[PDB]
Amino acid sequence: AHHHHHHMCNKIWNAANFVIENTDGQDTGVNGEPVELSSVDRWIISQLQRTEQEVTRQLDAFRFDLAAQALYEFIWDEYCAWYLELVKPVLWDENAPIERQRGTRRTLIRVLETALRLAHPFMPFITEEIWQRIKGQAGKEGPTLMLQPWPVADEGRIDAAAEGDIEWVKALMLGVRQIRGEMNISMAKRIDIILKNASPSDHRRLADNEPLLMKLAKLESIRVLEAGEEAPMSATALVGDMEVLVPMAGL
C-alpha cells in the first residue's frame, strides 16, 4: 500500500511506545555480549538489510518518493505488522529464557533505532525526538540523529532461510485468520488444526515454530495428519501445497 508521511508519524510513535514499554527496566543486550536469536529475529534483521540497500539506492537516484515508500513498507508492513506481533510470545512469557529475552529486546530496539535513522531525511523532528529516548538502550551515542552515520547493509546478515520460514509462518497464520472470519469464529477461541500434505520442510518449520503458532494463532492443538488417516470434515486453507484443516466438529 502507499503510506502517507503523516500516517507514518502515528505508526512510528506507537511502535516506539510499544518497544519502550517492553524494554524499560529490562536487558536490551547493550553490553554487546551474546544473545539467542530465533529465525523470527533473523528474518526482521535480514529484511532491514535489504531495506537499507533499497533506500540508499533510491536516495542515490534522487528518488525521495521511492526511498520513503521502500522504508515505509518495511516499517509498516514488516516491522509493525509482523515483528511486533511475533515477539509477543517471548516478551510476555515470564519463563522465556533470559538469552531469548535479550535477543528479542536487542533486536527490537536496534531495528527501531536504524528505522529512525533511515526515516530522518523524511521526518526529521519526530525521528530525532524518539531517537534521543531510545539511543542509550540501542547502544548508540552522539548528540543528534542528523549527523549519525548512514546505515550500510551487511550482506552477512541477509538470511533467506529465515525469511522463507517466516513467510511460511505468515501464510499459516493468515490462513487460520481467514477461516475464523469465514466461519464467524471469535478471534479468541482456541481451535484444533490438522495439516494435510505436509512436506519435510513443513514439518521442520512446524517443529521450530509450534509454541509461537499456538500462542498467536490461538490454537488448542496442531498436528500433521497420520499416514492413512481419514481427515474429518473441515474448513480449509493452503500454505503452498500444504492444507490447513480446522475440523467443523468443534465450533
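Numbering starts at 1 and runs along the sequence shown.
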With reference to the PDB entry, specify whether the mean Cα temperature factor is higher for 70 to 78 or for 169 to 177. 169 to 177
Looking only at C-alpha temperature factors in the entry, 60 to 68 or 208 to 216, the higher average sits in 208 to 216
From the list 55, 195, 37, 45, select the residue with the highest C-alpha B factor recorded in the entry. 195
Based on the deposited C-alpha B factors for this chain, I'd like to know if residue 49 is in the lowest, middle or highest third. lowest
Lowest, middle or highest third - CA B-factor, residue 238: highest
Just say lowest, middle or highest third for the CA B-factor of residue 41 relative to the other modelled residues in its chain. lowest
Please rank the C-alpha B-factors of the chain's modelled residues and tell me whether residue 9 sits in the lowest, middle or highest third. middle
